[PDB]
Amino acid sequence: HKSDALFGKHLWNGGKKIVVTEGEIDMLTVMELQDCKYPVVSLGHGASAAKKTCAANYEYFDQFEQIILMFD
Amino acid sequence: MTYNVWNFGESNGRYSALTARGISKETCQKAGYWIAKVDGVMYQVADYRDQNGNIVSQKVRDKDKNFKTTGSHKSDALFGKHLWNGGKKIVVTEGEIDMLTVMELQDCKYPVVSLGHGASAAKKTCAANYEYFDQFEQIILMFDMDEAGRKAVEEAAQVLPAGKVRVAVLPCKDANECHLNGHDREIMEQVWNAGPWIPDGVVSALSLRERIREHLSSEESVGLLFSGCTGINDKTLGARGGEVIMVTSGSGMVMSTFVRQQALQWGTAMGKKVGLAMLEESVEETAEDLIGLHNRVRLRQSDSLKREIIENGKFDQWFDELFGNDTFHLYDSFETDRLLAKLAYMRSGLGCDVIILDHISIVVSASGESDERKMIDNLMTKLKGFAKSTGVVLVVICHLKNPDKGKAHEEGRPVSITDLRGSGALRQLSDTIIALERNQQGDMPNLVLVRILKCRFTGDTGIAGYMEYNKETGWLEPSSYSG
C-alpha cells in the first residue's frame, strides 16, 4: 500500500473534474449517484495521511480541470 | 476457465437492424453485430474475430448500459479487423456502434475497425497492431470529439506507423451522433481526405474560428481606462486583460499612489474586482490608504481624524461605502512559487480581473541562489504566463536602479527602457510600460510626468501627460501642461 494509494485511481486518466473522498465507501457513493460516469477516487490512508497521499499525486490530479475535495 | 464465447442460436440470435442508431440490418450482418436473448433479457453482441476469421471474443450489451465480455479479449482486439487485410485507407473509430456507422454510409465497401478497449487503451490496442494497420496506405483516426477523445488520438498516433495517420474532425461527439440526424456528409468529407496530426500545441488557423469569434465579443479594445491622465489612455488604450502593465519610476511613492488610485477607481467606478498584493506594507495599512484616498483625506497620516471618524461612526460608514461590494481583496503576507499561487487563486477563485502586485523588486523565499538579475526574470515570465494564460489584468510596480550619471531621480531625470531594471524579462514580457518622473526639487516639485515607455497593443509611446500631487488630499490630480 504505497504512500500514493488512491482507490479508484486506475479508472480515470484525465477529465474535467474529479471528486476525491475520504474513504472507499464514500467513493462508491459518488460513483452511484452519477451512474459511475465521472471520476471519483478515495484517499489511500485517507483520514490523517491527507497531505502525504495527495502531494504524492500532484501530477495524477493535475490531469483534471478542478479537484473537488469531498472529505468528512 | 474464461467466459465461453456466445453461440449464435444457443442464444436466440438474430441479425436485426439497430433502428435506434440508423444502422441497417444488412450492416450489422457484415461486421458481426448480432442480437441474442439469453435467460429472458435481450443482449447486443459484438463479435471480435482475429485476421484468420475465428471468433476470439465477444462484447455483449444489455439495455440499461451494462456489459459482459466473452472469450479472451486480447490486448490487440479490433472489431471489424477480420474484414480487411490491406487497402488504401482504413478509418479507425472509438466504439463498435461508430464502426457500424462508417460501414453504412459507405455501403460497407471500405475498411472500418473499432478500438477493442477503445477509450483509454488507445495507445496499447494500437501499437499491438502496427503490422495490421501498416497494411493500409493511410490510417484515419475518427475518435470522440471530447477531452479524452482528442487525447486518445494523440496517444494513438504516437504508437502508429509513420506519416499515415490523419485525424477525423466531426461536428459532434462521435461519428454516430452525426448520423443520428445531422451530417452524414460531414462524416464523408473526413473518410475521404481528412487532416494530418498528433500535435499537442500546434493549431491550424481554420480550427480557431470559434475560439476567435468568442474572443472578439468577450475581450475589449478600450480595456479599463487609466485614471488621472487621459493620455495614459489616449496612448495605451487602457489595460486590456491578459496584458501585463508595469508602472515604474524613481523614488516614486508617487508611483505607489498612482497604482493605488487606479485600484481605487477600477474597483468602484468600474465594476471590476481588484486584487492587491501590496508586499511592502500590511493589509490593514493599505486598506486605510484606500479608504482615506477614496475620501480625499490623508487618513493614516493624521492622529486627530483617525480618532474622529472612529467615534463619530464615519469610519464604519466610509468603510461600508468603499468596501462593501466585495470588490477589493488583498494578499496579506509574512516564496516566488508560493506567491504566484496565491495570486492565481485571487484570479481563479475570487475571480478579480485586476491583480496589482506592488513591487516586484521583492522576490522572496527559496534562499541558496545568485543574481536577482536572473531571478527577477524567472518570476517575470511566470507572471506574464499567469497573465495571458488567464486574462487577468496584471499591473506590476517596479522600482528603478540609480544612475551613477549626474542628475538623480528627484532631479527629474527622465527614464528609458535601458534605464530599466531587471536584465530583460520585464523590458520584454510587459505589455505596457508606464513610467512617472518627478523632479521633487524644482519649479513644480509636485508636478509629475508620465512617459509611456512601451505599449504592444498600440506602440504609440512617449510623454503622455502630467499630474500634480495634492499633498493635501493625497491624490495624483490630472494637470494642464505642455511645451
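Each protein sequence line maps, in turn, to chains E and D. With the entry's author numbering applied, the first sequence covers 136 to 207. With the entry's author numbering applied, the second sequence covers 64 to 397, 401 to 549. From the three backbone atoms N, C-alpha and C, an ideal C-beta is built for every residue, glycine too.
Under the criterion of beta carbons closer than 8 Å, residue 513 (chain D) and residue 501 (chain D) do not qualify as touching, at roughly 15 Å.
Around the beta carbon of residue 389 (chain D), fewer than 16 other beta carbons sit within 10 angstroms, so the residue counts as exposed. Look at residue 150 (chain E) here: in three-state DSSP terms it is strand.
Within the same chain, and ignoring the five residues on either side of residue 175 (chain D) in sequence, the residues whose Cβ sits closer than 6 Å to its Cβ are 143, 154, 162, 165, 166. In the three-state reduction of the DSSP assignment, residue 521 (chain D) falls in the strand class, which pools E and B. The C-beta of residue 186 (chain E) comes no closer than 8 Å to any C-beta of chain D. When DSSP states are grouped into helix, strand and coil, residue 129 (chain D) belongs to the strand group. For residue 151 (chain E), the nearest beta carbon of chain D is closer than 8 Å to its own beta carbon. Annotation: Cβ neighbours of residue 148 (chain E) in chain D (cutoff 9 Å, chain order): 183, 211, 214. Residue 205 (chain D) has D:156 as its beta-bridge partners, per DSSP.
In the DSSP annotation of this structure, the continuous segment of the beta strand (DSSP E) that includes residue 229 (chain D) starts and ends at 228-230. Under the rule that a run must span 4 or more residues, the alpha helix (DSSP H) segments found entirely inside the segment 489-518 of chain D read 491-495. The beta-carbon separation of residue 182 (chain E) and residue 157 (chain E), rounded to 7 Å, stays under the 8 Å limit for a contact. For residue 447 (chain D), the enclosing alpha helix (DSSP H) begins and ends at 438-456. In this structure residue 248 (chain D) is exposed. Its beta-carbon is surrounded by fewer than 16 other beta-carbon atoms within 10 angstroms.
The straight-line gap separating the alpha-carbon atoms of residue 113 (chain D) and residue 451 (chain D) is approximately 50 Å. The C-alpha of residue 271 (chain D) lies about 45 Å from the C-alpha of residue 383 (chain D). By the 16-neighbour rule on beta-carbons within 10 angstroms, residue 298 (chain D) is buried. Under the DSSP definition of a beta bridge, residue 423 (chain D) partners with D:340, D:462. When secondary structure is reduced to three states using DSSP, residue 392 (chain D) falls in the strand class.
For residue 177 (chain E), the uninterrupted beta strand (DSSP E) segment begins and ends at 175-178. The C-alpha of residue 350 (chain D) lies about 33 Å from the C-alpha of residue 490 (chain D). When Cβ pairs closer than 8 Å are counted between the two stretches, the segment 357-370 of chain D is seen not to touch the segment 447-462 of chain D, the count staying below three. For residue 535 (chain D), the CB contacts under 6 Å within the same chain, skipping 5 residues up- and downstream, are 512 in chain order. Taking the C-beta atoms as reference points, residue 542 (chain D) is found no nearer than 8 Å to residue 311 (chain D). Each of E:139, E:138, E:201, E:185 was checked against the Cα of residue 149 (chain E), and the nearest Cα belongs to E:201. Cβ-Cβ distances below 7 Å link residue 99 (chain D) to 69, 74, 75, 76, 106, 108 in the same chain, with the five nearest sequence neighbours on each side left out; the list follows chain order. Taken atom to atom, the span from the alpha-carbon of residue 97 (chain D) to that of residue 225 (chain D) is near 36 Å. It is roughly 32 Å from the alpha-carbon of residue 392 (chain D) to the alpha-carbon of residue 434 (chain D).
Across the set D:265, D:151, D:251, D:191, the C-alpha of D:191 shows the shortest separation from the C-alpha of residue 140 (chain D). 8 Å or more divides the Cβ of residue 205 (chain D) from the Cβ of residue 236 (chain D). Taking 8 Å as the cut-off, the Cβ atoms of residue 325 (chain D) and residue 378 (chain D) do not count as close. Ranked by Cα distance from residue 287 (chain D), the options D:549, D:170, D:336 are led by D:336. When Cβ pairs closer than 8 Å are counted between the two stretches, the segment 475-493 of chain D is seen not to touch the segment 249-268 of chain D, the count staying below three. If you draw a straight line from the Cα of residue 80 (chain D) to the Cα of residue 170 (chain D), it is about 14 Å long.
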